[PDB]
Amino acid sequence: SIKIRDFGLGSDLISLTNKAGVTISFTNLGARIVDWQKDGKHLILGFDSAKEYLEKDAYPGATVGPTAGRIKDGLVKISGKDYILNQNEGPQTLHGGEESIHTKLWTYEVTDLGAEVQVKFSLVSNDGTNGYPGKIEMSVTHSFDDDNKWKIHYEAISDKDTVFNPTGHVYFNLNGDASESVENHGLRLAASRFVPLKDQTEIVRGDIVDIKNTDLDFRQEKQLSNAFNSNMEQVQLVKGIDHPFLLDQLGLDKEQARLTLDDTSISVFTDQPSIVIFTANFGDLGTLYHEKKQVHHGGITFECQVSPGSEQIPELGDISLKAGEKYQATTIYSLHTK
């Protein structure tokens, strides 16, 4: 089944249900996933209306870009020349700048393939938007298959050499209760390195660090508590997890991380070289999600992209987007209940 409903402020809500009866929903407001249930269970963090996103937190579950993460001083060197993008967080560019693509209503088309439904969102990023050279014709496809697979496929073309490194901003919470800490979940990640943050400013510092000893080792499945009730100076800094993890094996084939709670689990797969893991260190913010105040560590992301920092640590990779070249990315969230 497929059901289209009005989400508010002119936005649509596209909800898909598979043969397993698993539901899922997206909105054209920021090309996001609004919810994902399983037995009246929310496996993610979400609001009930567009207004909620615009008033409480516009990032949750959205497609964020053109550049995801922070960019020191909003500076970027394109084909030599220095460009300054919109400074969102102090002098930094946080997820594309002010009022970026997560706040825009994307047009969309749905394609019912039977065992899979795809909702293709499109939006054009004008030449110069937020300092970004262009224009960048972007599209984000959100599909749900009959065998519990949540897939995101990115595509982009630009008239001008530019930068492009978007990501999906979902937060998970198997407790289905925002007032419940993601503390109890087990995490597995095929990351042995990590990118430390210099300050509270949260920019990168320049290091790459062998996470081998350190509690930030989820190679072996281990509870979230280990990292939460921990003392690295890094965890203390961010008051949880607000770091970019680098993966050992590259390729869409591989499970790169696993989020599990009891019988229900969520597996990760990307095309990308990194997964930024943010564990909602909001403290007493307490954003309401379904009339339920979120708690510190109320959820966790798995933002798959090219690590933020590239600008300072080229070893990270190259976020540029050649004019005319077709950008592509694929990330997958596969839910299991074995």
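So that there is no doubt, residue numbering starts at 1 and follows the sequence shown. In this text, the rigid core denotes the largest set of C-alpha atoms whose superposition between the two forms falls within 1.5 Å.
In 4 other deposited structures of this protein, rigid core aligned: more displaced of 209-217 and 167-175 by C-alpha RMS: So, of the two stretches, the farther one in 4 other deposited structures of this protein is 209-217.
Selected stretch [higher average CA B-factor]: 170-178 or 153-161: Stretch with the higher mean C-alpha B-factor: 170-178.
196-204 versus 87-95 - which carries the larger mean C-alpha B factor in the record: Higher mean C-alpha B-factor: 196-204.
Among 24, 9, 13, 329 - the residue whose C-alpha B-factor is largest in the record: Result of the comparison over 24, 9, 13, 329: 24.
Top residue by Cα temperature factor, when 111, 220, 143, 122 are compared in the entry: Result of the comparison over 111, 220, 143, 122: 220.
Third of the chain, ranked by Cα B-factor, where residue 252 sits: As the PDB entry reports it, the C-alpha B-factor of residue 252 lands in the highest third of its chain.
Chain-relative CA temperature factor third for residue 66: Within its chain, residue 66 is a lowest-third residue by C-alpha B-factor, going by the deposited values.
Ranked C-alpha temperature factor of residue 131 among modelled chain residues, by third: For residue 131, whose C-alpha B-factor we compare with every modelled residue in the chain, the answer is the lowest third.
Third of the chain's Cα B-factor distribution that residue 302 belongs to, per the entry: Middle third - that is where residue 302 ends up once the chain's C-alpha B-factors are sorted.
Entry-reported Cα temperature factor of residue 185, expressed as the chain third it lands in: Ranked within chain, residue 185 CA B lands in the middle tercile.
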